[PDB]
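Enquirer: Below is a structure I'd like to ask you about.
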Amino acid sequence: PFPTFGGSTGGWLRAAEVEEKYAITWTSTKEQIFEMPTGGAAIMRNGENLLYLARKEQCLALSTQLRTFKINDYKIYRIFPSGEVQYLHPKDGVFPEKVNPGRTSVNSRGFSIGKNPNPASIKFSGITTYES
Amino acid sequence: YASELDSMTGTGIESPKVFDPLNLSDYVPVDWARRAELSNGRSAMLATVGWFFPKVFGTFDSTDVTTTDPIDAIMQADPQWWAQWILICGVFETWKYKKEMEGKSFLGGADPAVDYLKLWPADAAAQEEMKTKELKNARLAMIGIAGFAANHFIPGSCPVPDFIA
Amino acid sequence: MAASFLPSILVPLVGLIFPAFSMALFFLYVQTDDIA
Amino acid sequence: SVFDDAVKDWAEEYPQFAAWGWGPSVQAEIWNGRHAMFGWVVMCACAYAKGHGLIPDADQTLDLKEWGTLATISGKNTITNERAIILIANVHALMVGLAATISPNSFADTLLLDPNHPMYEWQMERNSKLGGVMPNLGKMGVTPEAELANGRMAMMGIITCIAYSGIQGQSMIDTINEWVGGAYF
Amino acid sequence: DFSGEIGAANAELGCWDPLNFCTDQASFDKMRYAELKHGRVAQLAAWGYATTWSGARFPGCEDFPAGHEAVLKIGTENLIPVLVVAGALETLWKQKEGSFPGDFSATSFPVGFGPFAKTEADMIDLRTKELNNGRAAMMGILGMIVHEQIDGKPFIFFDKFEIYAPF
Amino acid sequence: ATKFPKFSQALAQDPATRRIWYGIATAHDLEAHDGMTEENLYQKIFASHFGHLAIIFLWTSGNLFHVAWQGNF
Amino acid sequence: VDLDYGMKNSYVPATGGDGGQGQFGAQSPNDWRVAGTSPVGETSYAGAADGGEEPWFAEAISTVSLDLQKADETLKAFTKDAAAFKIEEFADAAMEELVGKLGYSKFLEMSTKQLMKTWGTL
Amino acid sequence: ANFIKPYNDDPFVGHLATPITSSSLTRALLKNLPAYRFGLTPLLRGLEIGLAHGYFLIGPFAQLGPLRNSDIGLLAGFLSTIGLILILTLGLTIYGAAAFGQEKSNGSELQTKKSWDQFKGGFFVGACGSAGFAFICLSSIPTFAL
Amino acid sequence: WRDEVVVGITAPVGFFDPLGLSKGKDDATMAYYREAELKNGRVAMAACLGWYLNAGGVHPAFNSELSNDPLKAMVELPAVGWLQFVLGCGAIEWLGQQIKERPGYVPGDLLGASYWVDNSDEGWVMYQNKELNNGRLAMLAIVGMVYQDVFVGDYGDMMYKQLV
Amino acid sequence: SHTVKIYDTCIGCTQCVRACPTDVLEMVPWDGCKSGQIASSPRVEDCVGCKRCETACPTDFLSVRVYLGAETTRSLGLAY
Ligand code: CLA
Ligand code: CLA
Ligand SMILES: CC(=O)O[C@H]1CC(C)(C)C(=C=C/C(C)=C/C=C/C(C)=C/C=C/C=C(C)/C=C/C=C(\C)C(=O)C[C@@]23O[C@]2(C)C[C@@H](O)CC3(C)C)[C@](C)(O)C1
Ligand SMILES: CC(=O)O[C@H]1CC(C)(C)C(=C=C/C(C)=C/C=C/C(C)=C/C=C/C=C(C)/C=C/C=C(\C)C(=O)C[C@@]23O[C@]2(C)C[C@@H](O)CC3(C)C)[C@](C)(O)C1
Ligand code: KC1
Ligand code: KC1
Ligand SMILES: CC1=C(C#C/C(C)=C/C=C/C(C)=C/C=C/C=C(C)/C=C/C=C(C)/C=C/[C@@]23O[C@]2(C)C[C@@H](O)CC3(C)C)C(C)(C)C[C@H](O)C1
Ligand code: SF4
Ligand code: SF4
C-alpha cells in the first residue's frame with residue numbers, strides 16, 4: 001500500500017532501523033500527486049496508503065498537506081526496532097485542536113505568567129521557577 | 001611438559017622420550033610450536049645448502065655479487081632481488097594458507113599441501129616414517145646453519161670444514 | 001648526559017607525545033558510558 | 001603490610017589505570033624488570049664499545065645539511081655520531097617492543113592485562129603467585145619467580161649505579177667499567 | 001569424446017574446437033594421438049634447439065651451424081641416422097589397446113606409470129602436464145624457428161642461454 | 001551523571017556532540033551542577049583557588065628558571 | 001502488546017529544566033549506538049539485516065514494518081481508555097453495537113448524545 | 001530505460017540504486033575487498049589493509065618531505081611513514097575501546113572488541129612491513145633495459 | 001542460442017554467419033564468442049580514437065616529444081608504461097572474471113545493466129547494436145590503419161583528406 | 001525534553017494547538033474561561049522548541065510558555 005514513488009536520498013537512515021521509525025496511513029479517494037516532505041512528488045493510490053518517515057514532524061507536515069486534499073483519516077504511529085508500535089496521532093481519535101471530554105489538563109499553572117517565584121528564593125533546591 | 005607431546009612425532013631413538021628439559025611447552029602451544037619448528041627447519045635446510053653452494057659449485061655469471069662470503073653477499077646483492085625474495089616467500093605463505101583452508105596439510109597430515117614429486121604414501125606408518133625423517137633432517141639442518149654462523153663470526157666455535165666456513 | 005640535551009629530548013615529549021595521550025585519554029573518558 | 005595497603009589505595013585512587021595493570025602492579029614490575037635486564041646488557045655493550053673505540057667517529061657531529069634541524073642540539077650544533085648510533089640501537093629494540101605491544105600473538109605475555117586476550121587468566125594466576133620480599137629459592141631455572149627476582153636485581157643495580165656515579169662525581173660508563181674491574185677501559 | 005577428457009580449455013569452454021575437427025570419439029582419439037605425438041616431438045625439439053643454438057656440441061660435430069642452418073649445411077650422412085633411430089622407435093612403441101591414445105605401455109621394453117603415479121588422479125594430472133607442455137613446446141619451437149628466420153635471434157630478448165650446471 | 005559531564009544529567013543524556021561542548025563550558029559553573037549544596041560549593045571553590053595559586057607560582061618559577069638557565073641576565 | 005514499552009527506556013529525567021517522559025516516553029528503549037557495517041556473512045548488531053552480497057548497504061534494508069493488522073490492533077489498544085470513557089458517559093454489548101454499527105474511529109469521533117441517537121436505531 | 005531505482009525496492013529509504021552504487025563492477029570490487037571479503041580472520045583483514053596502505057604512504061614522505069634532497073631521504077620517508085602508522089594505530093585502538101567497551105566479547109565478528117584488537121594488530125604489522133618493503137623497492141628502481 | 005540472441009542482428013545482412021562458425025556451438029561457446037566480439041570491438045574503438053589523436057598531433061604528454069606516427073610512439077614509450085598498461089588491464093580482467101561468475105551474467109555486460117533493463121526493451125537493444133556495429137567497424141579500421149601505416153607508410157587520413 | 005506550561009490567562013482560542021508542528025498540545029475542558037477549554041501539553045517529549053505556539057498565542061503576556069531544557073533526539077529534530 002505504498003504510494004507510487006521512485007525513491008530519493010532524503011528518506012530514513014540507520015536511526016529508523018536502530019532507534020525509532022514513523023508511519024503514516026491514510027485513505028485517498030483518487031490517485032493524486034502530493035509533495036513528499038523528504039523532497040519530490042509521489043502519487044497517492046486509490047484506497048489505503050502507508051508511508052514511512054524518519055521523524056514525527058515529517059508525518060505531521062504530510063498530514064497538514066493531506067488536509068488540503070480533504071483527507072482527515074490519516075493515522076500516525078511510531079515503530080520501534082523490536083517491532084512494537086505506538087499509536088501517536090490523533091491520540092484519542094479526535095484532533096487535539098477540538099476539545100474532547102475525558103482529556104485531563106497537563107502542565108497548567110493556576111496563575112498568570114507574572115507570578116512565578118524569584119530565582120534567588122529557590123537556590124540549591126534543584127528546581128526551576130517555572131516548576132515551583 | 002605438555003601432554004599432547006606424547007601423541008606427536010619428534011621422539012626417536014636418539015631421544016625415545018619427549019625431550020623438553022626446560023618445559024618450554026607450557027608457554028608455546030604445541031600446534032604453533034610444531035608449525036614453527038617445521039618452518040624454521042625447512043628454512044634452515046635451504047640455508048645450509050645456500051651457505052656453501054656458490055663457493056663450492058660456482059656462482060652465476062653476474063658481477064652484482066663478487067664475493068662468495070655468505071654474510072657479505074647480503075649487502076652486495078641488489079635490493080630488487082631482496083624485494084622479489086620477500087615476495088616469493090609471501091607467495092609461499094599465501095599458498096600454505098590457501099592449502100590449509102582447502103583441508104590440506106603441510107605438517108605431515110593426510111593430503112599434502114605441497115608434494116610435486118608424488119612421494120607421500122597412503123600408509124599411516126609409512127607417513128610416520130617420512131615425517132620422522134623430515135623432522136630429523138630439519139633439526140640437523142637448524143643445528144648446522146647455527147654452527148656455520150657461529151664458526152663464521154667466531155672461528156673455532158663449531159667444527160666447520162675450513163673450505164666451507 | 002647533559003642538561004643542554006634536554007630541549008631536543010623534552011620538546012617532542014611535551015608537544016607530540018603528551019597532547020596525543022591527553023587527547024586519547026579525554027576521548028576515552030567522554031566516550032565512557034558509566035563513569036561513576 | 002604497607003605494600004598491600006599501598007597498592008590497594010593506589011588502585012582506589014586510579015581505578016581506570018589500575019584495571020589494565022598500570023602502576024604498582026606485578027605486571028609492571030615484571031615488564032620493567034625485563035627492560036632493566038636488557039638495558040644492563042645494552043649499557044655494558046655501550047661501555048665496552050666506548051672503551052675499545054668500536055663506534056666510528058664517535059666525537060664527530062652529524063651533518064646539518066644531511067639530517068636537518070632535527071639533529072641539532074642548540075642552534076646549528078648537531079648531535080654526535082656516537083649518541084645517534086646508541087639512539088638507533090635502542091630504536092631497534094623499541095620497534096620490537098612496539099610491535100609486541102600493538103600486535104601480540106595469542107600465547108604471548110601482553111604488556112597490559114586485556115580481558116579479551118587468551119592469556120588473561122594465565123597472566124592473573126601468575127601475577128597472583130608472585131609476591132614477597134625474598135626470591136623463592138625453591139623455584140629456579142626458567143620460571144616466573146626467577147624472572148621477577150632478576151628483574152628486581154637489575155632495577156636495583158640501575159638505581160645503585162646512578163647513585164654511585166652521582167656520589168663519585170663520575171659518569172655511569174665509568175662506574176660500569178670500575179665495577180667489572182676495568183675490563184672495558 | 002568431449003569436455004570430460006584431457007586438454008579441455010576449461011570447464012566452461014570444454015573441448016575448444018572452433019573448426020569442428022572433433023565430432024565423434026574416433027576423430028577425437030585420432031586427433032589426440034596426433035596431438036600427444038606432436039607435443040612430445042616438439043618438447044624434444046625445443047630442448048635440442050635451445051641446447052645446440054646456445055653453443056653446445058656433441059663430440060665429433062663441433063663445427064656445424066646451430067639452427068635450421070644445420071639442415072642445409074650438415075651433410076646427409078649425419079642427418080640420416082636421426083631417421084634410422086626414429087624409424088627404429090616408430091616400429092617399437094606399441095599402443096596398449098583399451099587405454100588412452102599415446103599410451104605405449106604395450107611396448108617390448110618396460111614403459112608406463114612406474115613409481116611416478118599411484119592414483120587415477122595422479123595419472124590424469126601427469127598426462128595433463130605432458131599434454132600441456134607438449135602444446136606449449138609446439139608453440140615454442142614454432143616461435144623459435146620463426147624468430148630465427150626473421151631476425152636471427154630465436155630467443156627474442158637474448159642470444160644464447162648461459163646454463164648453470166654446478167656439476 | 002553516568003556519562004560526561006557527571007555534573008549534569010541533562011547534558012549527559014544529550015545524544016549529540018553538544019553534550020561534549022557544553023560539558024566543557026559548564027565545568028566551572030559549580031552552582032548549577034546537580035546536587036550541589038552551598039557548603040560543598042564554598043569548599044570546592046577554596047580548593048580551586050589553591051590550584052590557581054599553584055599555577056601562578058609555577059609560572060613565576062618557570063620565568064625565573066628559564067632566565068637563569070638560558071638568559072643573559 | 002505492552003503500552004508502556006516506550007516509557008521503559010533508560011532516560012532518567014533530570015530534577016530541573018527537563019519535561020521528562022511524557023505520554024509515550026522521552027526516547028526509544030533501543031540503544032542507537034550500534035556498530036558500523038560488517039563483512040560478508042556477518043551481522044553488525046543483534047537484529048541487523050543481512051545485506052547479503054552487499055553488506056556495506058546493510059543499513060538500507062528495512063527490518064521495521066507496520067502491517068495493517070498491527071495498526072488496527074494498536075489503534076484499539078492505545079484508545080481503549082478513551083472508548084471506555086465514551087461508553088461510561090454515553091450509558092459491554094452496547095459498545096459492540098456502536099463500534100460495529102458505525103465503526104471504531106467513528107465511535108471515538110462522535111458524541112455521547114449523538115451515540116444516544118444512533119442507539120435509537122435498534 | 002530506467003537506470004535509477006529505489007534501493008532494495010524501498011522508495012522511502014534514503015538511498016538509490018544507481019550504476020555507481022549497484023553496478024556489477026562496484027559489487028564485485030566491494031565484496032572482494034578485505035574489509036568485506038567472506039572468510040577472512042580479523043587479523044588477516046587488518047594485515048591486508050595495512051599491506052595496501054603502508055606501501056603507498058611512504059611515497060609522499062620520501063618524495064616531498066623536508067629531507068627529500070638528502071641522501072638519507074628514503075630513510076627519513078620510511079621513518080615518517082612509521083610515525084604516521086603509529087598515529088593511525090592509536091586511532092584504531094581508542095576507536096575500538098570507545099565503540100565496543102572493555103567487556104569480554106561474546107563473538108568472533110569483526111565489530112567486537114577482541115576481533116577489533118586482532119584487526120588493529122594486523123593493520124599495524126601490515127602497514128609497517130609494507131612501508132619497509134616499499135623502502136627496499138625504492139632503494140633500487142629498475143630502468144627495465146635489456 | 002540463435003533463437004535467443006537479438007543483439008548484433010541488424011539491417012542489410014541480418015544474421016551474418018556465412019562460414020557457419022556458430023552452428024553446433026554450445027551456449028557457453030557462443031557466449032565466449034559474443035564476449036570476445038565485444039571486447040575486441042571495444043579495444044579497437046579505443047585504439048582507433050587514440051591513433052587518430054596521435055596522428056593528428058594531439059599527444060601533449062611527455063612535452064609532446066613522441067612521434068606523431070603511432071607505431072613509432074609505441075616503441076618510444078618506455079617499458080614501465082607498457083608494464084602498467086598490461087597489469088592494469090589484467091586487474092580489470094580479474095574483476096571482470098569475478099563479474100562473469102555471477103548468475104544471470106550477460107556476456108560483455110561488465111556494468112551489470114541487466115539489474116535495470118533487459119532486451120525486451122527496444123531502445124536498449126538498439127543502443128547495444130550501435131555499440132556492436134561501431135565495434136565491428138573499428139576492428140576493421142584499426143586493422144586497415146595498421147596496414148596503411150606499415151606497408152603504405154602513411155599514418156593519417158587517406159579517405160577524406162583527398163576531398164578537402 | 002523541553003518544558004511547556006499553560007498559565008490560567010488562556011482564553012482557549014486553540015491557536016497554539018493548531019500552530020504546533022509535532023502535536024504536543026491539545027484542548028481540554030475547563031471552566032476558567034468563556035470558551036470552556038484550556039490548552040494542555042501532555043506530549044512534551046515530542047516538543048522541538050520552535051515556539052510557534054507562543055507566536056500564535058494572543059494573550060498579553062503569553063499563556064503558553066516553552067522553556068528549553070534537556071536535549072534528546074526528538075527535541076533536536078534529528079532524522080539520524
Ligand atoms: C636459504 C635460502 C637461500 C637464500 C636466502 C640465498 C641467497 C642468495 N643466494 Mg643462494 N642458494 C641457495 C639458498 C639460498 N640462497 C640454495 C638452496 C642453492 C642451490 C640451488 C643456492 C645456490 C646459489 C648460487 C649458485 C648463487 C646463489 C646466490 C645467492 C645470492 C643472490 C640470490 C640468488 O640468485 O640465489 C639463488 C637461490 C636459489 C636458486 C635458491 C633455490 C630456490 C628455492 C630453494 C626453491 C624452493 C621451492 C620449492 C621446490 C617449493 C616450495 C614448497 C612450499 C614452501 C611452497 C643471495 C644472497 C648468488 C650469489 O651471489 O652468491 C655469491 C649465486 O651466484 N645461491
Ligand atoms: C593543504 C595544503 C598543503 C599541501 C598540499 C602541502 C604540501 C606539503 N607540505 Mg605543507 N603545510 C601546509 C599546507 C600544505 N602543505 C599548512 C596549512 C601548514 C601549517 C602552516 C604546512 C606546514 C608544513 C611544514 C612544517 C612542512 C610542510 C611540508 C609539505 C610537503 C611534505 C608534506 C607531506 O609529506 O605529507 C604527506 C602526505 C600524505 C601522507 C598523504 C597526502 C594525501 C594523499 C596523496 C591523497 C590521496 C587521495 C587519493 C588520490 C584518493 C583516491 C585514491 C584511490 C584509492 C581511488 C608537501 C609538499 C614539509 C616540507 O618539507 O615541504 C617541502 C614540511 O616540513 N608543510
Ligand atoms: C666434526 C663434528 O663433530 O661434526 C660436524 C659435522 C659437519 C657436517 C661438518 C657440521 C655441519 C652442518 C650440518 C649438520 C648440516 C645439515 C644439513 C641438512 C640436514 C640439509 C638438508 C637439506 C634439504 C634440502 C636441500 C631439501 C630440498 C627439498 C625441496 C626444495 C622440496 O621441494 C621438499 C619435498 O618434500 C616436498 C616439499 C615435495 C616433494 O614432492 C619433493 C620434496 C621431497 C623434495 C658440523 C656442525 O660442523 C659438525
Ligand atoms: C627409464 C625411464 O623410466 O625413463 C623415464 C624417465 C623420466 C625422466 C621420468 C621421463 C620423463 C620426462 C621428460 C622426457 C621430459 C622432457 C621435457 C621437455 C624436453 C620439455 C620442453 C618444454 C618446452 C616448452 C613447454 C615451451 C618452450 C618455449 C616457448 C613457449 C617459447 O616461446 C620459445 C623461446 O625461444 C623463444 C621463441 C621466445 C623467448 O622469449 C622465450 C623462449 C626462449 C622460451 C619418462 C618419460 O618417464 C621416461
Ligand atoms: C569519418 C570519420 C573520420 C575519422 C575517423 C578521421 C580521422 C582522421 N582524420 Mg580525417 N577527415 C574527415 C573524417 C574523418 N577523419 C572528414 C569528413 C574530412 C573533411 C573535413 C577529413 C579531412 C582531414 C584532413 C585535412 C586531415 C584529417 C586527418 C585525420 C587523422 C587525424 C585525426 C585528428 O587528430 O583530428 C585521423 C586519422 C589529419 C591527418 O590525416 O594527419 C596526418 C589531417 O590532416 N582528416
Ligand atoms: C596506482 C596509481 C597510479 C600512479 C601513482 C601512476 C603513476 C604514473 N603512471 Mg600509471 N597507470 C595506472 C595507475 C597509476 N599510475 C593504472 C592502474 C594503469 C593501467 C590502466 C596505468 C597505465 C599507465 C600507462 C600506459 C603509463 C602510465 C604512466 C605513469 C607515470 C607518468 C610519469 C612518468 O613515468 O614519467 C606515473 C608515475 C606513464 C609512464 O610511466 O611512462 C613511462 C605511462 O605511459 N600509467
Ligand atoms: C613502601 C611503600 C612506599 C614505597 C616506596 C619506595 C622507595 C619505592 C621505591 C621506588 C623506586 C626504587 C623504584 C625504582 C625502580 C627502577 C626503574 C623501574 C628502573 C627502570 C630500568 C628499565 C626500564 C630501563 C632500561 C633501559 O634504561 C636502560 C637500562 C638502558 C637502555 O639502553 C635500554 C633500556 C630503555 C631498556 C610508599 C609508596 C612511598 C608509601 C607506601 O605506603 C609504603
Ligand atoms: S515549542 Fe513548538 S513543538 Fe513545542 S509545543 Fe510549542 S509549537 Fe509545539
Ligand atoms: S495558550 Fe494561548 S494560543 Fe493556546 S489556547 Fe491558550 S490563549 Fe490560545
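Each chain in the C-alpha cells gets a letter, A, B and so on, in the order shown; residues start at 1 in every chain, and ligands are counted from 1 in the order they appear.
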Using only C-alpha atoms and all ligand atoms, which protein or nucleic acid residues are at most 8 Å from ligand 8, as a count of residues only?
Expert: 24
Enquirer: DSSP on the backbone: which residues in chain C end up as alpha helix (DSSP H)? Give the answer as a PyMOL selection string.
Expert: chain C and resi 6-12+18-31
Enquirer: Take the residues just selected and output them with N, CA, C and O atoms as a short mmCIF file (atom, residue, chain, number, x, y, z; two decimals), in the first residue's frame.
Expert:
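What follows is the written file selection21.cif:
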data_model
loop_
_atom_site.label_atom_id
_atom_site.label_comp_id
_atom_site.auth_asym_id
_atom_site.auth_seq_id
_atom_site.Cartn_x
_atom_site.Cartn_y
_atom_site.Cartn_z
N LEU C 6 68.40 18.58 26.89
CA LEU C 6 67.01 18.48 27.33
C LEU C 6 65.97 18.99 26.35
O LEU C 6 64.94 18.32 26.17
N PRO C 7 66.16 20.14 25.69
CA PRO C 7 65.16 20.57 24.69
C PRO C 7 64.86 19.51 23.64
O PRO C 7 63.71 19.06 23.54
N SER C 8 65.87 19.06 22.90
CA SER C 8 65.66 18.05 21.87
C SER C 8 65.12 16.75 22.45
O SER C 8 64.54 15.95 21.71
N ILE C 9 65.30 16.52 23.75
CA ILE C 9 64.66 15.39 24.40
C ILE C 9 63.23 15.73 24.79
O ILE C 9 62.29 14.99 24.48
N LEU C 10 63.04 16.88 25.44
CA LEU C 10 61.77 17.15 26.11
C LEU C 10 60.73 17.73 25.16
O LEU C 10 59.54 17.43 25.30
N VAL C 11 61.14 18.58 24.22
CA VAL C 11 60.16 19.24 23.35
C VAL C 11 59.29 18.24 22.59
O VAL C 11 58.06 18.41 22.60
N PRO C 12 59.83 17.20 21.95
CA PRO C 12 58.94 16.19 21.34
C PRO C 12 58.03 15.49 22.34
O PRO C 12 56.92 15.08 21.97
N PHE C 18 52.70 14.00 24.77
CA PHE C 18 51.75 14.41 25.80
C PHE C 18 50.40 14.83 25.24
O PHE C 18 49.38 14.39 25.78
N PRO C 19 50.31 15.68 24.22
CA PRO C 19 48.97 16.00 23.68
C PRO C 19 48.26 14.80 23.11
O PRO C 19 47.04 14.68 23.28
N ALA C 20 48.98 13.89 22.46
CA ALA C 20 48.33 12.71 21.90
C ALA C 20 47.74 11.83 22.99
O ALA C 20 46.58 11.41 22.89
N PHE C 21 48.51 11.55 24.03
CA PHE C 21 47.98 10.73 25.11
C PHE C 21 46.88 11.45 25.88
O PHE C 21 45.88 10.83 26.27
N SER C 22 47.02 12.76 26.10
CA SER C 22 45.98 13.50 26.79
C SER C 22 44.68 13.51 25.99
O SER C 22 43.59 13.33 26.56
N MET C 23 44.78 13.71 24.68
CA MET C 23 43.59 13.69 23.83
C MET C 23 42.97 12.30 23.77
O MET C 23 41.74 12.18 23.79
N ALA C 24 43.79 11.25 23.69
CA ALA C 24 43.25 9.90 23.72
C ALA C 24 42.54 9.61 25.04
O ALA C 24 41.46 9.02 25.05
N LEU C 25 43.13 10.04 26.16
CA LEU C 25 42.51 9.83 27.47
C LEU C 25 41.20 10.59 27.60
O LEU C 25 40.21 10.05 28.10
N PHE C 26 41.17 11.84 27.14
CA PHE C 26 39.93 12.60 27.20
C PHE C 26 38.87 12.00 26.29
O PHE C 26 37.69 11.96 26.65
N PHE C 27 39.26 11.55 25.10
CA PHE C 27 38.32 10.87 24.21
C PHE C 27 37.73 9.63 24.88
O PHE C 27 36.52 9.41 24.84
N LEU C 28 38.59 8.81 25.50
CA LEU C 28 38.12 7.62 26.18
C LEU C 28 37.20 7.96 27.35
O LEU C 28 36.24 7.23 27.62
N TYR C 29 37.50 9.05 28.05
CA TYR C 29 36.67 9.44 29.18
C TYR C 29 35.31 9.95 28.72
O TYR C 29 34.29 9.65 29.35
N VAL C 30 35.27 10.73 27.64
CA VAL C 30 33.99 11.24 27.15
C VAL C 30 33.17 10.16 26.44
O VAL C 30 31.95 10.29 26.35
N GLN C 31 33.81 9.11 25.94
CA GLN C 31 33.07 8.00 25.35
C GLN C 31 32.62 6.96 26.37
O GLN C 31 31.77 6.13 26.05
#
Enquirer: Can you list every residue in chain A that DSSP puts in strand (DSSP E), as an NGL selection string?
Expert: :A and (21-28 or 33-35 or 41-43 or 47-53 or 75-79 or 85-89 or 108-109)
Enquirer: Excluding same-chain residues fewer than 6 positions from residue 99 (chain G), what lies within 12 Å of it counting only C-alpha atoms, as a PyMOL selection string?
Expert: chain G and resi 76+83-84+86-87+92-93+105-110+115+118-119
Enquirer: Could you list, as a ChimeraX atom specification, all the residues within 12 Å of ligand 9, counting only C-alpha atoms and all ligand atoms?
Expert: /A:96-99,107-109,112-113 /J:4-20,24-30,32-41,51-66
Enquirer: As an exercise, work out the distance from CA of residue 107 (chain E) to CA of residue 93 (chain E) in Å and give it to one decimal place.
Expert: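 So the answer is 5.2 Å.
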Enquirer: When the cut-off is 9 Å and you count only C-alpha atoms and all ligand atoms, which residues lie near ligand 4, shown as a PyMOL selection string?
Expert: chain E and resi 39-50+110-114+116+130+132-148+153-158+161
Enquirer: Identify, counting only C-alpha atoms and all ligand atoms, the protein, DNA and RNA residues located within 10 Å of ligand 7, and give them as a ChimeraX atom specification.
Expert: /D:1-10,24,28-46,86-87,89-91,93-94,151-160
Enquirer: If you count only C-alpha atoms and all ligand atoms, which residues end up within 10 Å of ligand 6, as JSON, numbers by chain?
Expert: {"H": [56, 59], "I": [61, 62, 74, 76, 77, 78, 79, 80, 81, 82, 83, 84, 85, 86, 87, 88, 89, 90, 91, 92]}
Enquirer: Could you turn the residues from that selection into a file that holds C-alpha atoms, as a PDB file, in the first residue's frame?
Expert:
ATOM      1  CA  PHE H  56      51.834   3.970  -0.775  1.00  0.00           C
ATOM      2  CA  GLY H  59      55.828   7.984  -1.273  1.00  0.00           C
TER       3      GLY H  59
ATOM      4  CA  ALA I  61      52.165  14.094 -22.892  1.00  0.00           C
ATOM      5  CA  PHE I  62      55.939  13.918 -22.401  1.00  0.00           C
ATOM      6  CA  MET I  74      54.663   2.545 -29.437  1.00  0.00           C
ATOM      7  CA  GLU I  76      59.477   5.155 -27.987  1.00  0.00           C
ATOM      8  CA  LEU I  77      57.331   4.583 -24.885  1.00  0.00           C
ATOM      9  CA  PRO I  78      59.431   3.164 -22.021  1.00  0.00           C
ATOM     10  CA  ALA I  79      58.930  -0.362 -20.720  1.00  0.00           C
ATOM     11  CA  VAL I  80      57.359   0.694 -17.418  1.00  0.00           C
ATOM     12  CA  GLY I  81      54.443   2.390 -19.174  1.00  0.00           C
ATOM     13  CA  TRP I  82      53.603  -0.812 -21.044  1.00  0.00           C
ATOM     14  CA  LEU I  83      54.000  -2.816 -17.830  1.00  0.00           C
ATOM     15  CA  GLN I  84      51.478  -0.537 -16.123  1.00  0.00           C
ATOM     16  CA  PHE I  85      49.101  -0.774 -19.084  1.00  0.00           C
ATOM     17  CA  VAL I  86      49.228  -4.589 -19.151  1.00  0.00           C
ATOM     18  CA  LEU I  87      48.946  -5.019 -15.372  1.00  0.00           C
ATOM     19  CA  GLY I  88      46.102  -2.511 -15.058  1.00  0.00           C
ATOM     20  CA  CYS I  89      44.162  -4.235 -17.802  1.00  0.00           C
ATOM     21  CA  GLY I  90      44.951  -7.506 -16.024  1.00  0.00           C
ATOM     22  CA  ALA I  91      43.460  -6.266 -12.761  1.00  0.00           C
ATOM     23  CA  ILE I  92      40.351  -5.111 -14.619  1.00  0.00           C
TER      24      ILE I  92
END
Enquirer: Can you work out which residues are within 7 Å of ligand 3, considering only C-alpha atoms and all ligand atoms, and then hand them over as JSON, numbers by chain?
Expert: {"B": [45, 46, 48, 49, 114, 115, 116, 117, 118, 119, 137, 138, 140, 141, 143, 144, 145, 147, 148, 158, 159, 160, 161]}
